[PDB]
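Next up is one chain by itself, shown in C-alpha cells, the form deposited in one PDB entry.
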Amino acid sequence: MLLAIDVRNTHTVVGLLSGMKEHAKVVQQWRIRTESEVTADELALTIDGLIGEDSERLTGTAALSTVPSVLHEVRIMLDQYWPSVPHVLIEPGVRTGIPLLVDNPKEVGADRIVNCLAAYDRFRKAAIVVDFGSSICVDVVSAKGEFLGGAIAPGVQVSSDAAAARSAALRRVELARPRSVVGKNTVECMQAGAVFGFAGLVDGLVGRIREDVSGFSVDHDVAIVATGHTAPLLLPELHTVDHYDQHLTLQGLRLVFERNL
C-alpha cells in the first residue's frame, strides 16, 4: 500500500492507496490539523495511530508539504519509523513531467504542481483546477500539459471583522447556505456573504481566465475541476466548474511516486 501525506497550511490529509496506475484507488483517508512546530516523534505517534495494522503493509510513501519545517520532520519520521519503505518527498518547483512556465518555478507550491499534474493526467487537455483550501487556488494548465500559473485568493470564510464584532455572548456563525442572498438577520447575512460571495469569486476568476487567456475561451475544450474540503458546499452554487475530484491531490502524489520509482 502507498501512504500519501499532503500537508497544507491548516490541515493535513493522510491516505492509503492500493493498486497501480489506472487501478490505484484511495482505500483509506484521514484529515488532521497541521502543526507547523510538530516534531518527528509526535507525528510518528499520530500517523501510526491513524493507520493501525496497515503500517506493516506499506509498500511506499509519497509526501508533499506547503510548510517546509513539517516536510523536514516528515523526512526524519519516515526514515526512522518506516525505514524499509521507499519514499518520494516533493519539494516546491519539482520536475514531475509538468513544465512550469512561470518566472521562478522554485516558488510554485507543491500542492499546485501535484493538482495540475493529476488534472492533466485525468483529462489530457487544457484544464483549470480550483483547490478549496485555507486559500482558494485556481491553477491553469495548457493543452500540452504546461503549468501557466494562476490565482490565489482567500479561503471560504465568514467575514472576520463581523465575526469578531459579534461578541462572546452570541456564539459563532456556521458556514452553510442560507435561504436567500438577502439575509434578514446577521447570521443569514454573513452566510450569504460567505457562500454566494465565494461562489461569485470562483466563477469570476474562472470566467476571467477563459475570456482573457488564449486557448481557454468558451469555444475551446477545457476541463474545469474542483477539489478540496470546502468544495462540496460551494459546488451547487458554481456555474463554471464541471467536475469534482475529491482525491485529486492523493492521485497526483501517486503519479509522482510511480514516476520517480
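Note that residue numbering follows the sequence shown and begins at 1. Only residues modelled in both forms are compared. Here, rigid core means the biggest group of C-alpha atoms that superpose within 1.5 Å across both forms.
Separately, the form deposited in another entry exists; it is not shown, and the next lines address it.
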query	finding
Large Cα move at residue 104 between this form and the one not shown, threshold 2 Å, rigid core	no
Rigid-core frame, C-alpha of residue 152, shift of 2 angstroms or more between this form and the one not shown	no
Large Cα shift (2 Å or above) at residue 75 between this form and the one not shown, core-fitted	no
Segments of at least three residues whose Cα atoms shift by 2 Å or more between this form and the one not shown, after superposing on the rigid core	157-172
